[PDB]
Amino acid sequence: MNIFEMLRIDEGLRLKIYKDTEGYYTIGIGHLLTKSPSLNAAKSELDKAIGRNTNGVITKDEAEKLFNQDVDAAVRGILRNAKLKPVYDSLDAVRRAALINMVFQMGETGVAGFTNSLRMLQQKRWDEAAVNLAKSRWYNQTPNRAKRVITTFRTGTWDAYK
């Protein structure tokens, strides 16, 4: 198990534009296109992201390219953020993947706002961090995925993904 396989489990793979859990146009492996309600706006984002006229359908290789870029962007965003980088640096490799997963789903700014959870993770108070992470819109709206990510932070194992 690794961050790519973990996110593939959590995000799935679809090759045509569809709406994510928040109702936002998405493609591939959880590649958010736009929060706009305009499908045309989402298709333009897709064409710009892929570099060709797509009219809403991509290949698996194209989906995997966006996914690679998106995982890279999540790590890059953690490392450039003054609140996330110290937490990331303090974690082991499994829990680092759990933090990348959150940033992939919610964005750098969203995760960096979890001030109290981040402090408990930096303190390595894993059960307390897990309880605190569940007191969130994130957990309430995607509880099964959040439970998997939280179990990864709690245990430092891949038990929730195997």
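Don't overthink the numbering: it's just position in the shown sequence, from 1.
If you average the C-alpha B-factors over 60-68 and over 31-39, the higher value belongs to 31-39.
In this crystal structure, the stretch out of 42-50 and 108-116 whose C-alpha atoms carry the higher mean B factor is 108-116.
Among all modelled residues in its chain, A73 ranks in the lowest third by Cα B-factor.
Looking at the C-alpha B-factors along this chain, the one for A129 belongs to the middle third. Annotation for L99: C-alpha temperature factor in the lowest third relative to the rest of the modelled chain, per the entry.
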